[PDB]
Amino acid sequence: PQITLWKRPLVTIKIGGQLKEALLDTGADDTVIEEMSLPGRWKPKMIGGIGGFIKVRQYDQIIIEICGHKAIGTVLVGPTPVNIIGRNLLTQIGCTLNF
């Protein structure tokens, strides 16, 4: 598909057996999701942006589905104000910027 930028590029994702709305975010290195349970080991991480840093839990090798496209990668879980799909997963679905 081709997604315009007149409004926020929000999509439905499937993660940890749950459906969530998330922002396709080329400005995010990492994928960051609001509080939820994920299986497996995790380690703490600090991530920064506008307004400073938040502490998150880093889960590796998590399967996500974004627009019928399956991918695997690291997912950070924490007090993000919006669910964000970052570049680590956008690359896997073959997402590019075009102009």
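Definition used throughout: the rigid core is the maximal C-alpha set that superposes within 1.5 Å between two forms. Numbering starts at 1 and follows the sequence shown.
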Which segment is farther from the shown form on average in 4 other deposited structures of this protein after a rigid core fit, 25-33 or 64-72, going by CA atoms? 64-72
Mean C-alpha B-factor higher for 37-45, or for 53-61? 37-45
Do the C-alpha atoms of 15-23 or of 85-93 have the higher average B factor in the entry? 15-23
By the recorded C-alpha temperature factor, relative to the other modelled residues in its chain, which third is residue 32 in? lowest
